[PDB]
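*Asks:*
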Ligand SMILES: Nc1ncnc2c1ncn2[C@@H]1O[C@H](COP(=O)(O)OP(=O)(O)OP(=O)(O)O)[C@@H](O)[C@H]1O
Ligand SMILES: Nc1ncnc2c1ncn2[C@@H]1O[C@H](COP(=O)(O)OP(=O)(O)OP(=O)(O)O)[C@@H](O)[C@H]1O
Ligand SMILES: Nc1ncnc2c1ncn2[C@@H]1O[C@H](COP(=O)(O)OP(=O)(O)OP(=O)(O)O)[C@@H](O)[C@H]1O
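Protein chains in written order, with UniProt numbering: chain Z, 89 to 171, 183 to 444; chain D, 89 to 171, 183 to 447; chain C, 90 to 171, 184 to 444.
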């Protein structure tokens with residue numbers, strides 16, 4: 089039987105992980121892509137440095153057309169080559196907006212990013228704070244730092260938001276996905292989540308729960324691994340960022356697996372690409388909510404958060420008379436909330 | 089009574105200099121700017137590093153909307169954000196023209212600039228030469244620097260034009276404006292002018308008094324502090340430079356004040372901003388004449404000279420769905436001519 | 090007169106508003122006259138340049154004597170503030198056994214082994230103590246260490262992974278008393294305990310110090326003890342790059358303000374002898390052992406924080422050039438906080 093859900097593709101990739109990684113830079117699951125378009129045939133996306141004809145390729149590097157795993161499940165094999184706009188919304192999010200909400204710029208003493216969303220703690224005092232990344236919100240040298248908006252007191256005027264309380268660095272793949280997606284013993288998944296509660300003296304009347312440029316949003320869309328592939332992969336999503344305004348894109352790959360220079364395996368949740376030849380995100384967009392758009396009038400639903408700028412890692416080069424495109428990685432929102440024990444307002 | 093002259097604005101700025109200086113990057117006087125459009129309400133413009141809502145500013149950090157001066161004069165406050184064209188005219192001014200005049204390129208041993216205008220010495224033996232900025236006209240090590248056009252012989256073919264006779268860099272505010280512009284003694288306005296006379300063997304038949312791309316010009320328009328603000332602020336000007344060609348802009352503020360790292364106050368006379376989101380000038384345009392646009396068919400008249408490119412200092416970022424716009428600083432022509440004792444030439 | 094370090098600390102804290110205007114740092118100890126240590130207790134003040142009093146306005150002229158809330162008075166000392186050998190080769194990885202001062206290389210940086218220790222509670226695992234700057238990389242909280250080089254850079258063996266570490270501690274908890282009018286007061290602990298791997302061979306670990314010998318128990322620093330017990334005492338250290346070196350303790354409870362206004366505290370200040378540098382780069386984490394007196398076994402007193410070549414040097418004004426200084430963290434308080442006992 090052909091693969092239908094993400095779990096089958098993940099199992100197939102894990103079973104033949106060695107062969108896929110033997111002559112490749114990365115692996116993921118999704119739909120087969122032909123001539124730059126997304127089809128409806130489930131398959132495994134294999135990233136290579138360059139694309140060449142089979143004539144100049146030895147049989148060792150000739151990847152099999154079909155990969156078959158336990159239980160009779162089989163899938164196709166796809167080899168893919170791998171290598183501040185001034186607007187009213189951007190100005191408002193940069194310090195021109197009276198209220199504070201999603202997409203607002205949050206600057207630390209050293210780095211800056213985009214405000215993720217307003218959340219509340221499930222247990223304890225149930226303090227209301229905001230959720231963001233961990234590479235910008237908190238510097239590793241100082242575990243507990245402060246938050247300033249728009250800028251700290253040394254760079255310019257600003258107000259104090261709060262201090263970092265709970266943050267996550269890495270999580271074992273078993274805890275995150277619930278299944279073993281890799282044979283290497285030290286498999287990790289990046290969360291890059293942190294919660295900063297609002298200060299006691301901070302006014303709460305200036306906090307808004309409406310996302311600028313999108314409008315009202317629904318409940319968090321939990322990505323169930325048993326759901327059909329077409330449910331999540333290929334759906335058009337939108338994002339709001341301080342330096343990128345409002346952007347739209349489409350998701351192509353999920354659970355991208357790669358290895359660093361030290362051989363440690365790492366996983367990325369969501370892989371998306373901007374639409375109409377436009378880059379999905381830019382520098383300073385760390386902390387932008389990826390939201391699945393409205394369908395049949397239903398309220399848009401956040402599904403994840405952008406990890407950060409991918410321009411420093413690589414680009415997706417298309418082989419159909421087109422230049423390389425910019426891909427953006429993502430981090431799951433439901434699993435991050437579950438780990439952080441937070442509820443989105 | 090609402091102030092309507094530059095003198096009142098200068099008095100208000102000087103009387104409350106400390107308050108503005110405490111949390112400002114610069115001060116000027118002119119017309120209030122709302123949503124990127126100049127208004128008719130006179131106000132003192134205060135320049136800040138960034139613009140934020142008043143809710144995230146301390147009570148001492150909030151500049152008052154209005155201020156009062158001696159005798160009952162009151163004025164508003166406007167906070168403003170602060171942070183080679185290949186053409187036939189440019190080619191001709193580069194050294195391919197049949198005559199040398201305003202806008203021509205003058206190159207020293209090290210740097211280059213644009214000829215200001217042909218002038219005549221009021222006193223002495225009625226020497227005839229030209230006016231330009233002091234920075235490029237004279238080398239800091241050689242008080243008497245030679246002039247070449249279009250390039251010095253060490254860098255390319257050219258002819259000798261003359262030698263620097265007199266130059267001025269800084270002058271006390273009392274002598275320049277006639278009034279005390281601040282509560283600082285060590286206050287000096289930057290004239291940055293030099294008079295370079297033509298060589299005895301140089302041919303005067305090749306000197307023309309007609310500005311290329313504009314036409315004939317009239318007498319220098321002296322700026323009076325008692326005149327209405329609308330006379331100078333908000334008017335349209337045009338300039339010709341050897342690098343940017345012909346460029347049109349608008350005057351936005353007067354008597355800009357700046358503080359250096361050492362704490363020495365400095366003053367700039369004319370503040371210009373380009374039109375249609377186009378830079379007023381670029382590097383190498385220093386010394387280009389600023390000419391007020393003709394009105395009701397009147398002959399255009401120069402109002403000042405251009406100090407140089409501002410790209411090495413900063414830009415003002417408009418907060419209306421647009422990016423930073425380049426601005427230019429200039430020095431009053433009439434006061435510089437009076438100090439240097441020079442007379443402009445407008446006819447052959 | 091101030092006889093204990095606590096009196097000097099209280100005096101400095103009470104008047105910590107006039108010495109911070111025109112000073113780069115403050116500490117306590119003995120007044121220095123003509124380049125030599127005196128016996129008069131005083132508070133050391135660090136200035137960029139030691140100009141003459143005549144060319145100094147009265148506002149910038151600091152008082153020479155201060156009085157505390159209990160009648161204690163102390164003077165003011167103003168000091169201007171700005184190898185290939187067999188032992189080194191053996192310590193670099195040529196020794197059959199590991200021990201104090203041994204080179205330990207991580208995936209990014211390398212450092213010196215502080216001392217072999219054990220945990221008081223729990224499994225009481227046996228490991229070693231070092232600095233977090235080298236042993237711990239925060240973009241990889243659990244890092245691996247190899248001696249003398251990591252596999253990617255050369256031959257080596259697996260030692261273990263960092264389990265517990267401390268970077269900053271509140272001043273009240275560390276010293277026990279409020280040392281500053283500032284609440285964002287922090288003290289740089291910089292101590293990480295790495296336990297030996299289960300498969301690691303424990304027969305190759307020695308508690309003897311190369312170039313020094315056997316050492317006794319850790320000598321805890323008591324703020325109530327006379328300054329002579331700690332200030333002006335000779336100390337020695339063994340570093341991977343600097344071999345065996347000796348120096349003298351100069352200052353205690355040094356305070357420094359960063360560019361962001363956050364104050365930080367360093368415990369021990371040491372200076373090399375004979376105009377020789379106390380330590381070089383890569384010697385961070387080396388133990389500081391008090392010189393043996395009257396035949397008593399040497400007792401370590403702290404751990405070197407790191408090289409000061411990137412932080413400045415002590416400039417003297419007696420026909421001599423600047424002398425490099427070294428910063429250290431008290432061993433007793435760090436061990437108490439981290440619950441570790443030196444074997
Ligand atoms: N290791 C490799 N190095 C270089 N080129 C390779 C390597 N492995 C495969 N290729 C080339 O990449 C091709 C992958 O084809 P794939 O199945 O991904 O695409 P397709 O659906 O046939 O069409 P399209 O080219 O439009 O994507 C292989 O046929 C071979 O030409
Ligand atoms: N020191 C300061 N730093 C930053 N922002 C400031 C400072 N002082 C005032 N502001 C902000 O700048 C605003 C000044 O507005 P301005 O004087 O330009 O009036 P306006 O013409 O009504 O405004 P606009 O140009 O936005 O149409 C103040 O209302 C406050 O929001
Ligand atoms: N803020 C300052 N900046 C520069 N120099 C200063 C400052 N305050 C004091 N001084 C100078 O430093 C001297 C401090 O001398 P100090 O306290 O070390 O006495 P001393 O031990 O007798 O002197 P010495 O070390 O020269 O033998 C003051 O007498 C004055 O000359």
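Cβ atoms here follow ideal geometry from the backbone N, Cα and C, with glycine treated the same way.
So which residues on chain Z does residue 420 (chain D) lean against when the C-beta distance must stay under 7 Å?
*Replies:* Chain Z residues near residue 420 (chain D): 185, 186, 187.
*Asks:* I'd like to confirm the pairing. Which residues does DSSP put opposite residue 269 (chain D) in its beta bridges?
*Replies:* According to DSSP, residue 269 (chain D) bridges with D:289.
*Asks:* Apart from the five residues on each side of it in sequence, which residues of its chain come closer than 7 Å, Cβ to Cβ, to residue 321 (chain Z)?
*Replies:* If we look at residue 321 (chain Z) and ignore the five residues flanking it on each side, its Cβ neighbours are 433.
*Asks:* Shortest alpha-carbon distance to residue 98 (chain D) belongs to which of D:228, D:367, D:299?
*Replies:* Nearest option by C-alpha distance: D:367.
*Asks:* Which chain D residues are close to residue 195 (chain Z), counting only those with a beta carbon under 9 Å from its beta carbon?
*Replies:* Within chain D, the residues near residue 195 (chain Z) are 139, 140, 141, 418.
*Asks:* Thinking just about the alpha-carbon of each residue, which of D:148, D:132, D:308, D:234 is nearest to the one in residue 111 (chain D)?
*Replies:* Measuring from the Cα of residue 111 (chain D), the nearest candidate turns out to be D:148.
*Asks:* Let me see if you follow: with CB-CB separation under 7 Å, is residue 145 (chain D) close to chain Z or not?
*Replies:* Output row for residue 145 (chain D): interface = yes.
*Asks:* Going by the beta-carbon positions, is the gap between residue 407 (chain D) and residue 385 (chain D) smaller than 7 Å?
*Replies:* For residue 407 (chain D) and residue 385 (chain D), yes; Cβs fall inside 7 Å.
*Asks:* Residues of the UniProt domain "Nal1 N-terminal" (89-168) of chain Z in Cβ contact with chain D at a cutoff of 9 Å, in chain order, please.
*Replies:* Answer in chain order: no residues at all.
*Asks:* Could you list the residues in the stretch 190-214 of chain Z with a C-beta less than 8 Å from some C-beta on chain D, going in chain order?
*Replies:* From the stretch 190-214 of chain Z, only 190, 194, 195, 196, 197 have a Cβ closer than 8 Å to chain D.
*Asks:* Is the beta carbon of residue 151 (chain D) within less than 6 Å of some heavy atom of ligand 2?
*Replies:* At least one heavy atom of ligand 2 is nearer than 6 Å to the Cβ of residue 151 (chain D), so yes.
*Asks:* Can you tell which of D:227, D:220, D:382, D:410 has its C-alpha closest to the C-alpha of residue 302 (chain D)?
*Replies:* Checked all of D:227, D:220, D:382, D:410; the closest Cα to residue 302 (chain D) is D:227.
*Asks:* Sorted by chain position, which residues of the same chain lie with C-beta nearer than 6 Å to residue 124 (chain D)'s C-beta, five sequence neighbours on each side aside?
*Replies:* Cβ neighbours of residue 124 (chain D) beyond the five flanking positions: 417, 419.
*Asks:* Kindly list the residues whose CB is nearer than 7 Å to the CB of residue 380 (chain C), restricted to its own chain and excluding five residues on each side of it in sequence; keep chain order.
*Replies:* 338, 340, 343, 346, 387, 405, 408, 427.
*Asks:* Should residue 122 (chain D) be counted as a contact of ligand 2 given a C-beta to heavy atom distance under 6 Å?
*Replies:* Checking every heavy atom of ligand 2 against the Cβ of residue 122 (chain D), one is found closer than 6 Å.
*Asks:* Under a Cβ-count criterion, where at least 16 other Cβ atoms within 10 Å of its own Cβ denotes burial, should residue 245 (chain C) be classed as buried or exposed?
*Replies:* Buried: at least 16 other Cβ atoms inside 10 Å.
*Asks:* Can you tell me whether residue 128 (chain C) sits near ligand 3, meaning its C-beta is under 6 Å from at least one heavy atom of the ligand?
*Replies:* The answer is no for residue 128 (chain C).
*Asks:* Residue 130 (chain D) by DSSP, collapsed to three states: which one?
*Replies:* Strand.
*Asks:* Residue range of the alpha helix (DSSP H) that residue 154 (chain C) falls in?
*Replies:* Careful: residue 154 (chain C) lies outside any alpha helix (DSSP H), inside the beta strand (DSSP E) at 154-156.
*Asks:* Could you check the C-alpha separation between residue 375 (chain D) and residue 437 (chain Z) for me, to the nearest Å?
*Replies:* So the two alpha carbons sit approximately 53 Å from each other.
*Asks:* Tell me which same chain residues have a C-beta within less than 6 Å of the C-beta of residue 449 (chain C), skipping the five on either side of it?
*Replies:* The question about residue 449 (chain C) has no answer here: the residues shown for chain C are numbered 90 through 444.
*Asks:* For the stretch 298-311 of chain Z, which residues have a beta carbon sitting closer than 9 Å to at least one beta carbon of chain D?
*Replies:* Listed in sequence order: 302, 305.
*Asks:* Taking 8 Å as the threshold, find out whether the stretch 186-205 of chain C comes into contact with the stretch 302-314 of chain C through three or more Cβ pairs.
*Replies:* Judged by Cβ distances under 8 Å, the stretch 186-205 of chain C makes contact with the stretch 302-314 of chain C, as three or more pairs qualify.
*Asks:* Check this for me: beta carbons of residue 161 (chain D) and residue 91 (chain D), under 7 Å apart or not?
*Replies:* Yes. Within cutoff.
*Asks:* Among C:205, C:327, C:274, C:266, which has the Cα closest to the Cα of residue 254 (chain C)?
*Replies:* Checked all of C:205, C:327, C:274, C:266; the closest Cα to residue 254 (chain C) is C:205.
*Asks:* Hey, could you find the ends of the alpha helix (DSSP H) residue 235 (chain C) is sitting in?
*Replies:* Its alpha helix (DSSP H) spans residues 233-236.
*Asks:* Taking 8 Å as the threshold, find out whether the stretch 134-142 of chain C comes into contact with the stretch 307-321 of chain C through three or more Cβ pairs.
*Replies:* Result no; under three Cβ-Cβ pairs closer than 8 Å.
*Asks:* Round the Cβ separation of residue 119 (chain Z) and residue 328 (chain Z) to the nearest angstrom and send it over; I've been treating them as touching at under 8 Å.
*Replies:* Confirmed, Cβ separation roughly 7 Å.
*Asks:* Go through the stretch 222-261 of chain D residue by residue and report every complete run of the alpha helix (DSSP H) that reaches 4 residues or more, in order.
*Replies:* Correct list: 233-236.
*Asks:* Counting only beta-carbon atoms, is residue 256 (chain Z) nearer than 7 Å to chain D?
*Replies:* Answer yes: the Cβ-Cβ gap between residue 256 (chain Z) and chain D drops below 7 Å somewhere.
*Asks:* Residue 406 (chain C) bridges to which residues according to DSSP?
*Replies:* DSSP, once it has assigned bridges, lists no residue as partnering residue 406 (chain C).
*Asks:* For chain Z, check one thing: does any of its Cβ atoms lie closer than 7 Å to the Cβ of residue 250 (chain C)?
*Replies:* For residue 250 (chain C), the answer is no, since every Cβ of chain Z falls outside 7 Å of its Cβ.
*Asks:* I need the straight-line Cα distance from residue 208 (chain Z) to residue 247 (chain Z), nearest angstrom please.
*Replies:* Going from the Cα of residue 208 (chain Z) to the Cα of residue 247 (chain Z) covers about 8 Å.
*Asks:* With H, G and I counted as helix, E and B as strand and the rest as coil, what does DSSP make of residue 137 (chain D)?
*Replies:* Three-state DSSP puts residue 137 (chain D) in coil, outside helix and strand.
*Asks:* By how many angstroms is the C-alpha of residue 260 (chain Z) removed from the C-alpha of residue 214 (chain Z)?
*Replies:* Using only the alpha carbons, I get a separation of about 11 Å.
*Asks:* Given a threshold of 16 other Cβ atoms within 10 Å of its Cβ, counted over all protein chains shown, does residue 150 (chain C) qualify as buried or as exposed?
*Replies:* Answer is exposed; the Cβ neighbour count stays below 16.
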